[PDB]
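Same chain, two versions here, written out as structure tokens and called structure 1 and structure 2.
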Structure 1
């Protein structure tokens, strides 16, 4: 089996693009599961909702030993996506579709996992409204501002920058981008 590079899509509509790749090509795209020290709720399922960690000290040590591409605290419990969880998907020859922040890109590269980082760049506020038709003007201005700051601060880590007048255009480009950079 050949290693498949993990994927981090960023920018407006990245979550729709993530869901679409998984639902269209389940043979080439997969997901991994985050870790948490929060205790498991009865209905939750270990290895499915989270990898539930019983020792907060254990997770703290692993975070400091760089075992996570992303980690943080909420409601006094730890949360993170582990290097190994990405590696397992990649080793099985599937692109791991990651829903992580841009700071994870550098951590994935430093962990030698060779990510594909794709930035969907809005051309303007109006372009945001073209490609996401379910949001208010305010939400679109917030998305546009976030994308401007994202590009200003993280443009050096992008594998590809994609643009378009509709989500369909962006999605076709995203798929074509992944095929070009994987071969």
Structure 2
């Protein structure tokens, strides 16, 4: 009846999202973004985007802390609303989110109660192992971003998981969701 949105953080998160999405189609869902850009002919409001005809209203709502993530392109605003994520939460679907940890803090300030799982790399070498495709260049930036991000945002994670293989990481991610979904 109510399922908590999920944000996986750390290396390999996107693939954890993909494989969980790809493994339980019925359990996980996706939220619908907003856009102040005029809707296209073959675009569908409520499915491609909630199209805001009043751009002024969406700017004010962003300033009212109703979006967890936002940006501007070709003079148009795009964002994922606080309310659009709950709309998935009410269908009994877990909302898989590609959002920052600040965005996580904002879903908690809502009281939405989301599942924030952080994947801690053991070492730079662990980055190269748990991660299927990557070069040594990219691995350092990933290892250095994960270490700063835990030192800054530990207090907001529902769990921290580790593994020498991604399958071990992926299994513990499902263990977290399984313990905290009841």
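Numbering follows the first chain given and starts at 1. Rigid core here is just the name for the largest C-alpha set that superposes within 1.5 Å across the two forms.
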Where C-alphas switch from fitting one rigid part better to fitting the other between the two structures, the hinge among 129, 121, 143, 85 is 85
The angle, in °, through which the smaller rigid part turns with respect to the larger between the two structures is 16
Core-superposed CA shift of residue 52 between the two structures, in Å, is 3.6
Using a rigid core superposition, the C-alpha offset of residue 25 between the two structures in Å is 0.5
Expressed in angstrom, the C-alpha movement of residue 74 between the two structures on a rigid core superposition is 4.3
